[PDB]
$ cat data_6.pdb   # PDB, C-alpha atoms and all ligand atoms
MODEL        1
ATOM      1  CA  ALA R   1      35.749  31.533 185.223  1.00  0.00           C
ATOM      2  CA  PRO R   2      35.602  28.749 182.559  1.00  0.00           C
ATOM      3  CA  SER R   3      36.454  29.215 178.835  1.00  0.00           C
ATOM      4  CA  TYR R   4      34.310  27.772 175.961  1.00  0.00           C
ATOM      5  CA  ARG R   5      35.577  26.580 172.537  1.00  0.00           C
ATOM      6  CA  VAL R   6      33.747  24.511 169.843  1.00  0.00           C
ATOM      7  CA  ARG R   7      35.426  21.845 167.652  1.00  0.00           C
ATOM      8  CA  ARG R   8      33.791  20.079 164.672  1.00  0.00           C
ATOM      9  CA  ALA R   9      35.691  16.779 165.115  1.00  0.00           C
ATOM     10  CA  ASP R  10      35.481  13.195 166.413  1.00  0.00           C
ATOM     11  CA  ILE R  11      35.412  13.648 170.243  1.00  0.00           C
ATOM     12  CA  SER R  12      37.784  10.570 170.522  1.00  0.00           C
ATOM     13  CA  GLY R  13      40.611  12.850 169.180  1.00  0.00           C
ATOM     14  CA  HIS R  14      40.106  15.504 171.946  1.00  0.00           C
ATOM     15  CA  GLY R  15      43.170  17.169 173.585  1.00  0.00           C
ATOM     16  CA  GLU R  16      41.429  17.718 176.994  1.00  0.00           C
ATOM     17  CA  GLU R  17      42.097  16.107 180.423  1.00  0.00           C
ATOM     18  CA  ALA R  18      38.618  14.450 180.473  1.00  0.00           C
ATOM     19  CA  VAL R  19      35.821  13.539 178.032  1.00  0.00           C
ATOM     20  CA  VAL R  20      32.045  13.406 178.611  1.00  0.00           C
ATOM     21  CA  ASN R  21      30.373  10.339 177.058  1.00  0.00           C
ATOM     22  CA  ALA R  22      26.704  10.881 176.034  1.00  0.00           C
ATOM     23  CA  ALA R  23      25.817   7.607 177.803  1.00  0.00           C
ATOM     24  CA  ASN R  24      22.737   5.446 178.406  1.00  0.00           C
ATOM     25  CA  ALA R  25      21.698   4.351 181.945  1.00  0.00           C
ATOM     26  CA  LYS R  26      22.683   0.661 181.336  1.00  0.00           C
ATOM     27  CA  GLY R  27      26.269   1.642 180.296  1.00  0.00           C
ATOM     28  CA  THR R  28      25.956  -0.313 176.991  1.00  0.00           C
ATOM     29  CA  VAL R  29      27.769   0.657 173.726  1.00  0.00           C
ATOM     30  CA  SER R  30      25.522   1.968 170.866  1.00  0.00           C
ATOM     31  CA  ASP R  31      25.744   4.450 167.898  1.00  0.00           C
ATOM     32  CA  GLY R  32      27.065   8.038 168.335  1.00  0.00           C
ATOM     33  CA  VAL R  33      29.561   9.597 170.847  1.00  0.00           C
ATOM     34  CA  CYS R  34      29.254   6.320 172.885  1.00  0.00           C
ATOM     35  CA  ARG R  35      30.772   4.226 169.973  1.00  0.00           C
ATOM     36  CA  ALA R  36      33.854   6.546 169.548  1.00  0.00           C
ATOM     37  CA  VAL R  37      34.532   6.577 173.381  1.00  0.00           C
ATOM     38  CA  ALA R  38      34.147   2.722 173.586  1.00  0.00           C
ATOM     39  CA  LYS R  39      36.670   2.236 170.690  1.00  0.00           C
ATOM     40  CA  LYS R  40      39.339   4.664 172.057  1.00  0.00           C
ATOM     41  CA  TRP R  41      38.875   3.857 175.830  1.00  0.00           C
ATOM     42  CA  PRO R  42      37.155   0.433 175.922  1.00  0.00           C
ATOM     43  CA  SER R  43      37.706  -0.309 179.673  1.00  0.00           C
ATOM     44  CA  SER R  44      36.013   3.060 180.571  1.00  0.00           C
ATOM     45  CA  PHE R  45      32.615   1.182 180.314  1.00  0.00           C
ATOM     46  CA  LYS R  46      33.265  -1.303 183.218  1.00  0.00           C
ATOM     47  CA  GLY R  47      30.556  -0.514 185.886  1.00  0.00           C
ATOM     48  CA  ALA R  48      29.580   2.798 184.113  1.00  0.00           C
ATOM     49  CA  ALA R  49      25.770   2.120 184.505  1.00  0.00           C
ATOM     50  CA  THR R  50      24.171   5.213 186.201  1.00  0.00           C
ATOM     51  CA  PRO R  51      20.561   6.539 186.338  1.00  0.00           C
ATOM     52  CA  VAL R  52      19.137   9.152 183.892  1.00  0.00           C
ATOM     53  CA  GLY R  53      20.098  12.739 184.934  1.00  0.00           C
ATOM     54  CA  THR R  54      23.342  11.516 186.690  1.00  0.00           C
ATOM     55  CA  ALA R  55      27.042  11.195 185.723  1.00  0.00           C
ATOM     56  CA  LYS R  56      29.645   8.565 186.659  1.00  0.00           C
ATOM     57  CA  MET R  57      33.404   9.076 186.238  1.00  0.00           C
ATOM     58  CA  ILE R  58      36.232   6.555 185.654  1.00  0.00           C
ATOM     59  CA  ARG R  59      39.967   6.740 184.946  1.00  0.00           C
ATOM     60  CA  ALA R  60      40.808   4.026 182.385  1.00  0.00           C
ATOM     61  CA  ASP R  61      43.069   3.716 179.303  1.00  0.00           C
ATOM     62  CA  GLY R  62      44.987   6.868 180.466  1.00  0.00           C
ATOM     63  CA  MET R  63      41.789   8.993 180.170  1.00  0.00           C
ATOM     64  CA  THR R  64      39.110  10.439 182.511  1.00  0.00           C
ATOM     65  CA  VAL R  65      35.682   9.455 181.129  1.00  0.00           C
ATOM     66  CA  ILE R  66      32.477  11.041 182.503  1.00  0.00           C
ATOM     67  CA  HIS R  67      29.393   8.938 181.559  1.00  0.00           C
ATOM     68  CA  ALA R  68      26.539  11.526 181.575  1.00  0.00           C
ATOM     69  CA  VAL R  69      22.989  10.099 181.002  1.00  0.00           C
ATOM     70  CA  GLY R  70      20.761  12.755 179.414  1.00  0.00           C
ATOM     71  CA  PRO R  71      17.014  12.008 179.139  1.00  0.00           C
ATOM     72  CA  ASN R  72      15.537  10.218 176.104  1.00  0.00           C
ATOM     73  CA  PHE R  73      12.864  12.811 175.076  1.00  0.00           C
ATOM     74  CA  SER R  74      10.714   9.924 173.602  1.00  0.00           C
ATOM     75  CA  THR R  75      10.299   8.616 177.228  1.00  0.00           C
ATOM     76  CA  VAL R  76       9.581  11.831 179.259  1.00  0.00           C
ATOM     77  CA  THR R  77       7.407  14.956 179.003  1.00  0.00           C
ATOM     78  CA  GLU R  78       9.238  18.089 177.669  1.00  0.00           C
ATOM     79  CA  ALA R  79       9.308  19.609 181.233  1.00  0.00           C
ATOM     80  CA  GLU R  80      10.555  16.333 182.832  1.00  0.00           C
ATOM     81  CA  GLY R  81      13.192  16.025 180.055  1.00  0.00           C
ATOM     82  CA  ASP R  82      14.343  19.641 180.529  1.00  0.00           C
ATOM     83  CA  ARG R  83      14.803  19.072 184.342  1.00  0.00           C
ATOM     84  CA  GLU R  84      16.712  15.775 183.744  1.00  0.00           C
ATOM     85  CA  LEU R  85      18.946  17.356 181.025  1.00  0.00           C
ATOM     86  CA  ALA R  86      19.849  20.214 183.468  1.00  0.00           C
ATOM     87  CA  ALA R  87      20.570  17.570 186.191  1.00  0.00           C
ATOM     88  CA  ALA R  88      22.888  15.524 183.869  1.00  0.00           C
ATOM     89  CA  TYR R  89      24.975  18.689 183.140  1.00  0.00           C
ATOM     90  CA  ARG R  90      25.083  19.742 186.860  1.00  0.00           C
ATOM     91  CA  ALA R  91      26.287  16.166 187.739  1.00  0.00           C
ATOM     92  CA  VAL R  92      29.041  16.578 185.073  1.00  0.00           C
ATOM     93  CA  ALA R  93      30.001  20.042 186.457  1.00  0.00           C
ATOM     94  CA  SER R  94      30.168  18.635 190.051  1.00  0.00           C
ATOM     95  CA  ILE R  95      32.567  15.841 188.862  1.00  0.00           C
ATOM     96  CA  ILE R  96      34.731  18.482 187.039  1.00  0.00           C
ATOM     97  CA  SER R  97      34.929  20.684 190.208  1.00  0.00           C
ATOM     98  CA  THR R  98      35.355  17.997 192.911  1.00  0.00           C
ATOM     99  CA  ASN R  99      38.140  16.214 190.879  1.00  0.00           C
ATOM    100  CA  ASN R 100      40.026  19.434 189.884  1.00  0.00           C
ATOM    101  CA  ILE R 101      39.668  18.536 186.139  1.00  0.00           C
ATOM    102  CA  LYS R 102      41.248  21.466 184.219  1.00  0.00           C
ATOM    103  CA  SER R 103      39.760  20.822 180.740  1.00  0.00           C
ATOM    104  CA  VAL R 104      36.898  18.686 179.329  1.00  0.00           C
ATOM    105  CA  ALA R 105      35.588  17.576 175.900  1.00  0.00           C
ATOM    106  CA  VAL R 106      31.740  17.755 175.981  1.00  0.00           C
ATOM    107  CA  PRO R 107      29.136  16.627 173.401  1.00  0.00           C
ATOM    108  CA  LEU R 108      25.546  18.004 173.437  1.00  0.00           C
ATOM    109  CA  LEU R 109      23.582  15.504 175.595  1.00  0.00           C
ATOM    110  CA  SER R 110      20.126  14.383 174.299  1.00  0.00           C
ATOM    111  CA  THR R 111      20.656  15.980 170.797  1.00  0.00           C
ATOM    112  CA  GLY R 112      20.964  12.675 168.819  1.00  0.00           C
ATOM    113  CA  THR R 113      19.434   9.233 169.678  1.00  0.00           C
ATOM    114  CA  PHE R 114      17.776  10.876 172.770  1.00  0.00           C
ATOM    115  CA  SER R 115      16.435  14.054 171.024  1.00  0.00           C
ATOM    116  CA  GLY R 116      12.977  12.448 170.331  1.00  0.00           C
ATOM    117  CA  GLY R 117      13.557  13.627 166.727  1.00  0.00           C
ATOM    118  CA  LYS R 118      13.584  17.372 167.625  1.00  0.00           C
ATOM    119  CA  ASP R 119      16.394  19.971 167.198  1.00  0.00           C
ATOM    120  CA  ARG R 120      17.634  20.407 170.841  1.00  0.00           C
ATOM    121  CA  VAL R 121      21.097  21.974 170.122  1.00  0.00           C
ATOM    122  CA  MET R 122      20.227  25.299 171.866  1.00  0.00           C
ATOM    123  CA  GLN R 123      18.230  23.646 174.722  1.00  0.00           C
ATOM    124  CA  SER R 124      21.235  21.315 175.442  1.00  0.00           C
ATOM    125  CA  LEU R 125      23.926  24.027 174.915  1.00  0.00           C
ATOM    126  CA  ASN R 126      22.166  26.473 177.307  1.00  0.00           C
ATOM    127  CA  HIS R 127      22.051  23.753 180.056  1.00  0.00           C
ATOM    128  CA  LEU R 128      25.763  23.024 179.291  1.00  0.00           C
ATOM    129  CA  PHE R 129      26.657  26.756 179.844  1.00  0.00           C
ATOM    130  CA  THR R 130      24.507  27.056 183.039  1.00  0.00           C
ATOM    131  CA  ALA R 131      26.043  23.889 184.615  1.00  0.00           C
ATOM    132  CA  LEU R 132      29.730  24.372 183.551  1.00  0.00           C
ATOM    133  CA  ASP R 133      29.682  28.126 184.445  1.00  0.00           C
ATOM    134  CA  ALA R 134      29.981  26.755 188.050  1.00  0.00           C
ATOM    135  CA  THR R 135      33.467  25.329 187.099  1.00  0.00           C
ATOM    136  CA  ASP R 136      36.737  27.066 186.107  1.00  0.00           C
ATOM    137  CA  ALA R 137      37.393  24.301 183.504  1.00  0.00           C
ATOM    138  CA  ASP R 138      38.386  24.914 179.856  1.00  0.00           C
ATOM    139  CA  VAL R 139      35.364  23.374 178.088  1.00  0.00           C
ATOM    140  CA  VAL R 140      35.690  22.263 174.436  1.00  0.00           C
ATOM    141  CA  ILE R 141      32.272  21.454 172.893  1.00  0.00           C
ATOM    142  CA  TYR R 142      32.359  18.742 170.174  1.00  0.00           C
ATOM    143  CA  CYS R 143      29.836  18.391 167.305  1.00  0.00           C
ATOM    144  CA  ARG R 144      29.897  16.770 163.788  1.00  0.00           C
ATOM    145  CA  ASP R 145      27.583  19.282 161.975  1.00  0.00           C
ATOM    146  CA  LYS R 146      29.043  22.512 160.386  1.00  0.00           C
ATOM    147  CA  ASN R 147      25.698  24.340 160.924  1.00  0.00           C
ATOM    148  CA  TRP R 148      25.785  23.408 164.688  1.00  0.00           C
ATOM    149  CA  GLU R 149      29.485  24.504 164.902  1.00  0.00           C
ATOM    150  CA  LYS R 150      28.418  28.003 163.677  1.00  0.00           C
ATOM    151  CA  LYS R 151      25.311  28.159 165.984  1.00  0.00           C
ATOM    152  CA  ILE R 152      27.442  27.094 169.038  1.00  0.00           C
ATOM    153  CA  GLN R 153      30.199  29.602 168.082  1.00  0.00           C
ATOM    154  CA  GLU R 154      27.525  32.377 167.802  1.00  0.00           C
ATOM    155  CA  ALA R 155      26.194  31.316 171.282  1.00  0.00           C
ATOM    156  CA  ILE R 156      29.747  31.411 172.788  1.00  0.00           C
ATOM    157  CA  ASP R 157      30.417  34.879 171.181  1.00  0.00           C
ATOM    158  CA  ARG R 158      27.072  36.387 172.426  1.00  0.00           C
ATOM    159  CA  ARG R 159      28.323  35.814 176.066  1.00  0.00           C
ATOM    160  CA  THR R 160      30.916  38.572 175.152  1.00  0.00           C
TER     161      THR R 160
HETATM  162  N1  LIG Q 201      32.195  10.756 167.865  1.00  0.00           N
HETATM  163  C1  LIG Q 201      31.552  11.926 168.064  1.00  0.00           C
HETATM  164  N2  LIG Q 201      32.210  13.082 168.317  1.00  0.00           N
HETATM  165  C2  LIG Q 201      31.596  14.268 168.530  1.00  0.00           C
HETATM  166  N3  LIG Q 201      30.264  14.426 168.488  1.00  0.00           N
HETATM  167  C3  LIG Q 201      29.482  13.347 168.219  1.00  0.00           C
HETATM  168  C4  LIG Q 201      30.074  12.003 167.990  1.00  0.00           C
HETATM  169  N4  LIG Q 201      29.056  11.138 167.738  1.00  0.00           N
HETATM  170  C5  LIG Q 201      27.900  11.846 167.816  1.00  0.00           C
HETATM  171  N5  LIG Q 201      28.166  13.163 168.093  1.00  0.00           N
HETATM  172  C6  LIG Q 201      27.213  14.295 168.285  1.00  0.00           C
HETATM  173  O1  LIG Q 201      26.994  14.477 169.703  1.00  0.00           O
HETATM  174  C7  LIG Q 201      25.590  14.614 169.972  1.00  0.00           C
HETATM  175  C8  LIG Q 201      25.125  13.537 170.952  1.00  0.00           C
HETATM  176  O2  LIG Q 201      24.499  12.482 170.253  1.00  0.00           O
HETATM  177  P1  LIG Q 201      24.336  10.995 170.865  1.00  0.00           P
HETATM  178  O3  LIG Q 201      25.706  10.326 170.973  1.00  0.00           O
HETATM  179  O4  LIG Q 201      23.266  10.368 169.990  1.00  0.00           O
HETATM  180  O5  LIG Q 201      23.862  11.306 172.387  1.00  0.00           O
HETATM  181  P2  LIG Q 201      22.360  11.415 173.016  1.00  0.00           P
HETATM  182  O6  LIG Q 201      22.605  11.897 174.468  1.00  0.00           O
HETATM  183  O7  LIG Q 201      21.497  12.169 172.033  1.00  0.00           O
HETATM  184  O8  LIG Q 201      22.005   9.854 173.164  1.00  0.00           O
HETATM  185  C9  LIG Q 201      22.912   8.989 173.864  1.00  0.00           C
HETATM  186  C10 LIG Q 201      22.601   7.592 173.363  1.00  0.00           C
HETATM  187  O9  LIG Q 201      23.239   7.490 172.097  1.00  0.00           O
HETATM  188  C11 LIG Q 201      24.130   6.365 172.169  1.00  0.00           C
HETATM  189  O10 LIG Q 201      23.463   5.228 171.593  1.00  0.00           O
HETATM  190  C12 LIG Q 201      24.423   6.075 173.640  1.00  0.00           C
HETATM  191  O11 LIG Q 201      24.762   4.698 173.858  1.00  0.00           O
HETATM  192  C13 LIG Q 201      23.098   6.449 174.240  1.00  0.00           C
HETATM  193  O12 LIG Q 201      22.219   5.328 174.102  1.00  0.00           O
HETATM  194  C14 LIG Q 201      24.885  14.589 168.618  1.00  0.00           C
HETATM  195  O13 LIG Q 201      24.594  15.923 168.238  1.00  0.00           O
HETATM  196  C15 LIG Q 201      25.870  14.069 167.603  1.00  0.00           C
HETATM  197  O14 LIG Q 201      25.812  14.806 166.369  1.00  0.00           O
ENDMDL
END

$ encode --input "data_6.pdb" --output "structure tokens" --more "lines below"
Ligand SMILES: Nc1ncnc2c1ncn2[C@@H]1O[C@H](COP(=O)(O)OP(=O)(O)OC[C@H]2O[C@H](O)[C@H](O)[C@@H]2O)[C@@H](O)[C@H]1O
Amino acid sequence: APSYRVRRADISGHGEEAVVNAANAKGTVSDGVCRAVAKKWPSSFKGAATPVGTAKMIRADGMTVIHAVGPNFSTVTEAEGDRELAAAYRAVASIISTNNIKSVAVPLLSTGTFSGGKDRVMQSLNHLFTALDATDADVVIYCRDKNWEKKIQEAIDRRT
């Protein structure tokens, strides 16, 4: 069974074996989690392009980086977005399992640039739990907002 912790910190300072980048399909660098990952592990972006709802892994700069492309909710219906967000997290979980990754730093996919201006913390978190429950990884969830930290902690606790 996996364990779940939440850290309010820059994901680039994570102490885990692997990190999930909240990526775009083209594998370009832009504002958010993507900028911090690009600065700390710059060569992790070579050939990282991958379709929406998929993940692509690389070892570079002494780190395992998992480029997960959540949907942009401005570009899909709510139902299509929900399906694609679930897919992105399952793709991440499959990479964790197949590669025997013991611990992973994960941000909440599609909750920033890709949120279509809605609060999607719980939508994204619940897909994170569903997908990563299929692993035995130690998952550390990273956010920047104190109010999110508390909501995520409450969500973790409720599963006990
Ligand atoms: N350094 C960080 N550490 C931890 N959490 C962070 C960091 N930066 C942002 N967050 C939080 O992590 C969450 C994810 O926000 P986002 O990074 O927008 O991911 P998306 O999937 O919504 O959009 C990805 C696009 O954004 C980029 O342009 C990429 O190039 C893509 O184009 C938010 O709640 C943030 O508060």

$ residues_around --input "data_6.pdb" --residues "residue R:108" --least-positions-apart "3" --cutoff "9 Å" --atoms "all atoms listed in the file" --output "JSON, numbers by chain"
{"R": [22, 111, 112, 120, 121, 124, 125, 128, 141, 142, 143]}

$ atom_distance --input "data_6.pdb" --atom1 "atom CA of residue R:92" --atom2 "atom CA of residue R:66"
7.0 Å

$ residues_around --input "data_6.pdb" --residues "residue R:87" --least-positions-apart "3" --cutoff "9 Å" --atoms "only C-alpha atoms" --output "list in words"
residues 52, 53, 54, 70, 82, 83, 84, 90, 91, 92, 127 and 131 of chain R

$ residues_near_ligand --input "data_6.pdb" --ligand "ligand LIG 201 (chain Q)" --cutoff "6 Å" --atoms "only C-alpha atoms and all ligand atoms" --output "PyMOL selection string"
chain R and resi 9-11+22-24+29-34+36+70+107-115+142-144

$ residues_around --input "data_6.pdb" --residues "residue R:25" --least-positions-apart "5" --cutoff "8 Å" --atoms "only C-alpha atoms" --output "ChimeraX atom specification"
/R:49-52,69

$ atom_distance --input "data_6.pdb" --atom1 "atom CA of residue R:155" --atom2 "atom CA of residue R:57"
27.8 Å

$ resolve_selection --input "data_6.pdb" --expression "the PyMOL selection byres (((chain R and resi 104) around 9) and not hetatm)" --output "VMD selection string"
chain R and resid 14 to 20 96 101 to 103 105 to 106 137 to 141

$ atom_distance --input "data_6.pdb" --atom1 "atom CA of residue R:88" --atom2 "atom CA of residue R:56"
10.1 Å

$ resolve_selection --input "data_6.pdb" --expression "the PyMOL selection byres (((chain R and resi 44) around 10) and not hetatm)" --output "PDB file with C-alpha atoms, in the frame of the given file"
ATOM      1  CA  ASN R  21      30.373  10.339 177.058  1.00  0.00           C
ATOM      2  CA  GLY R  27      26.269   1.642 180.296  1.00  0.00           C
ATOM      3  CA  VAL R  37      34.532   6.577 173.381  1.00  0.00           C
ATOM      4  CA  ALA R  38      34.147   2.722 173.586  1.00  0.00           C
ATOM      5  CA  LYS R  39      36.670   2.236 170.690  1.00  0.00           C
ATOM      6  CA  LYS R  40      39.339   4.664 172.057  1.00  0.00           C
ATOM      7  CA  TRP R  41      38.875   3.857 175.830  1.00  0.00           C
ATOM      8  CA  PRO R  42      37.155   0.433 175.922  1.00  0.00           C
ATOM      9  CA  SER R  43      37.706  -0.309 179.673  1.00  0.00           C
ATOM     10  CA  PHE R  45      32.615   1.182 180.314  1.00  0.00           C
ATOM     11  CA  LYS R  46      33.265  -1.303 183.218  1.00  0.00           C
ATOM     12  CA  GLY R  47      30.556  -0.514 185.886  1.00  0.00           C
ATOM     13  CA  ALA R  48      29.580   2.798 184.113  1.00  0.00           C
ATOM     14  CA  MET R  57      33.404   9.076 186.238  1.00  0.00           C
ATOM     15  CA  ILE R  58      36.232   6.555 185.654  1.00  0.00           C
ATOM     16  CA  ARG R  59      39.967   6.740 184.946  1.00  0.00           C
ATOM     17  CA  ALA R  60      40.808   4.026 182.385  1.00  0.00           C
ATOM     18  CA  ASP R  61      43.069   3.716 179.303  1.00  0.00           C
ATOM     19  CA  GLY R  62      44.987   6.868 180.466  1.00  0.00           C
ATOM     20  CA  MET R  63      41.789   8.993 180.170  1.00  0.00           C
ATOM     21  CA  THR R  64      39.110  10.439 182.511  1.00  0.00           C
ATOM     22  CA  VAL R  65      35.682   9.455 181.129  1.00  0.00           C
ATOM     23  CA  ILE R  66      32.477  11.041 182.503  1.00  0.00           C
ATOM     24  CA  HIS R  67      29.393   8.938 181.559  1.00  0.00           C
TER      25      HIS R  67
END

$ axis_aligned_box --input "data_6.pdb" --around "stretch 38-54 of chain R" --padding-each-side "5 Å" --output "JSON"
{"center_x": 29.2, "center_y": 5.7, "center_z": 178.7, "size_x": 30.2, "size_y": 24.0, "size_z": 26.0}

$ residues_near_point --input "data_6.pdb" --point "(10.7, 8.1, 170.8)" --cutoff "8 Å" --atoms "all atoms listed in the file" --output "list in words"
residues 72, 73, 74, 75, 114, 116 and 117 of chain R

$ closest_residue --input "data_6.pdb" --among "R:78, R:119, R:157, R:136" --to "residue R:3" --atoms "only C-alpha atoms"
R:136

$ resolve_selection --input "data_6.pdb" --expression "the PyMOL selection byres (((chain R and resi 159) around 12) and not hetatm)" --output "number ranges by chain"
R: 3-4, 126, 129-130, 133, 152-158, 160

$ decode --input "data_6.pdb" --residues "stretch 98-126 of chain R" --atoms "N, CA and C atoms" --output "compact mmCIF listing (two decimals), in the first residue's frame"
# COMPACT_ATOMS: atom_id res chain seq x y z
N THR R 98 6.04 0.16 -13.00
CA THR R 98 6.87 -0.61 -13.96
C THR R 98 8.36 -0.34 -13.67
N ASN R 99 8.72 0.83 -13.15
CA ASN R 99 10.14 1.24 -12.96
C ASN R 99 10.55 1.05 -11.50
N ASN R 100 9.68 0.53 -10.64
CA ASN R 100 10.05 0.22 -9.24
C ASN R 100 10.53 1.50 -8.55
N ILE R 101 9.88 2.63 -8.84
CA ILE R 101 10.14 3.93 -8.17
C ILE R 101 9.50 3.89 -6.79
N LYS R 102 10.29 4.16 -5.75
CA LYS R 102 9.92 3.91 -4.34
C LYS R 102 9.19 5.12 -3.77
N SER R 103 9.50 6.32 -4.26
CA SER R 103 8.92 7.57 -3.74
C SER R 103 8.85 8.60 -4.87
N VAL R 104 7.85 9.47 -4.81
CA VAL R 104 7.57 10.44 -5.91
C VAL R 104 6.96 11.71 -5.32
N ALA R 105 7.47 12.84 -5.81
CA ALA R 105 6.96 14.21 -5.59
C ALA R 105 5.94 14.52 -6.69
N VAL R 106 4.70 14.80 -6.30
CA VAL R 106 3.59 15.02 -7.27
C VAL R 106 2.91 16.36 -7.01
N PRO R 107 2.78 17.22 -8.05
CA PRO R 107 1.91 18.39 -7.99
C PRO R 107 0.49 18.02 -8.46
N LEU R 108 -0.47 18.91 -8.24
CA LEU R 108 -1.87 18.65 -8.65
C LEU R 108 -2.05 19.10 -10.10
N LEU R 109 -2.03 18.13 -11.01
CA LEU R 109 -2.20 18.37 -12.47
C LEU R 109 -3.50 19.15 -12.71
N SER R 110 -3.44 20.07 -13.67
CA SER R 110 -4.59 20.84 -14.22
C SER R 110 -5.24 21.72 -13.15
N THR R 111 -4.50 22.14 -12.12
CA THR R 111 -5.04 23.03 -11.05
C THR R 111 -4.48 24.44 -11.15
N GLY R 112 -3.67 24.76 -12.16
CA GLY R 112 -3.09 26.11 -12.33
C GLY R 112 -3.42 26.67 -13.69
N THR R 113 -2.42 26.81 -14.57
CA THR R 113 -2.58 27.26 -15.98
C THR R 113 -3.73 26.49 -16.66
N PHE R 114 -3.90 25.20 -16.34
CA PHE R 114 -4.79 24.28 -17.10
C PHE R 114 -6.17 24.14 -16.43
N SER R 115 -6.41 24.87 -15.34
CA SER R 115 -7.63 24.73 -14.51
C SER R 115 -8.87 25.34 -15.20
N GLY R 116 -8.69 26.08 -16.30
CA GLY R 116 -9.75 26.89 -16.92
C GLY R 116 -10.39 27.83 -15.92
N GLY R 117 -9.56 28.38 -15.03
CA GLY R 117 -9.95 29.34 -13.98
C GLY R 117 -10.91 28.79 -12.95
N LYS R 118 -11.00 27.48 -12.76
CA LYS R 118 -11.86 26.92 -11.68
C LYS R 118 -10.97 26.27 -10.61
N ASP R 119 -11.49 26.16 -9.39
CA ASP R 119 -10.83 25.45 -8.27
C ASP R 119 -10.99 23.94 -8.50
N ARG R 120 -9.90 23.24 -8.84
CA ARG R 120 -9.93 21.80 -9.22
C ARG R 120 -9.01 20.99 -8.30
N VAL R 121 -8.71 21.52 -7.11
CA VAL R 121 -7.80 20.87 -6.12
C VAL R 121 -8.36 19.50 -5.77
N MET R 122 -9.63 19.40 -5.40
CA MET R 122 -10.25 18.13 -4.96
C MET R 122 -10.44 17.19 -6.15
N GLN R 123 -10.91 17.70 -7.29
CA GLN R 123 -11.03 16.88 -8.53
C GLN R 123 -9.67 16.22 -8.82
N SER R 124 -8.59 17.00 -8.82
CA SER R 124 -7.24 16.53 -9.22
C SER R 124 -6.70 15.57 -8.15
N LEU R 125 -6.85 15.94 -6.88
CA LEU R 125 -6.37 15.13 -5.73
C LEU R 125 -7.04 13.76 -5.75
N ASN R 126 -8.34 13.71 -6.01
CA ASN R 126 -9.10 12.43 -5.95
C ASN R 126 -8.63 11.52 -7.09
